[PDB]
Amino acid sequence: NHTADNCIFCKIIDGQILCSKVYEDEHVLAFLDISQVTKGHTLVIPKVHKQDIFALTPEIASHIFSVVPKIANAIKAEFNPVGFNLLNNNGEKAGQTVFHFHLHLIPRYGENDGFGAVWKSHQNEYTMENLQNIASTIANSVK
């Protein structure tokens, strides 16, 4: 459904589409998200087309994340944000719009930011027994 040939991020990697580049190495490319939900909003992507988190190998995942602190620190040093978020969306129903794995690096400046997490705990819907069974179910499936 989402092939490399039709992928806009692969087109950026291949230079057919322009980007405002923040960092590049053999494994990853980082460039500004044109939406700029906050000033300096940056995307970190693997050069190899992987659709979402479930398709990353350990090596690609390592290469992607290994550059995040240095990029976050650069944004921090230059724009002095009060906070910072990382976000990744997988699946149309979870907000994914470009089907090439990417992490959003989002600096926060305060009250008037374009990003915010709506967050609600469902803690009391679970007993101790329930959590133990959810945890072992996941644990036993980890490859």
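So that there is no doubt, residue numbering starts at 1 and follows the sequence shown.
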* Asked: Would 110-118 or 40-48 have the larger average of its C-alpha temperature factors, as given in the entry?
  -> 110-118
* Please work out which of 10-18 and 131-139 has the higher mean CA B-factor as recorded in the PDB entry. => 10-18
* Asked: Comparing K70 with the other modelled residues of its chain, is its CA B-factor in the lowest, middle or highest third?
  -> lowest
* Asked: What third of its chain, lowest, middle or highest, does the C-alpha temperature factor of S62 fall into?
  -> middle
* Structure fact -> Sorting the chain's modelled residues by C-alpha B-factor and splitting them into thirds places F31 in the lowest
* To do: Classify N89 as lowest, middle or highest third according to the C-alpha B-factor given in the PDB entry, relative to its own chain.
  => lowest
* Chain-wide C-alpha B factor ranking for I53, given as lowest, middle or highest third -> lowest
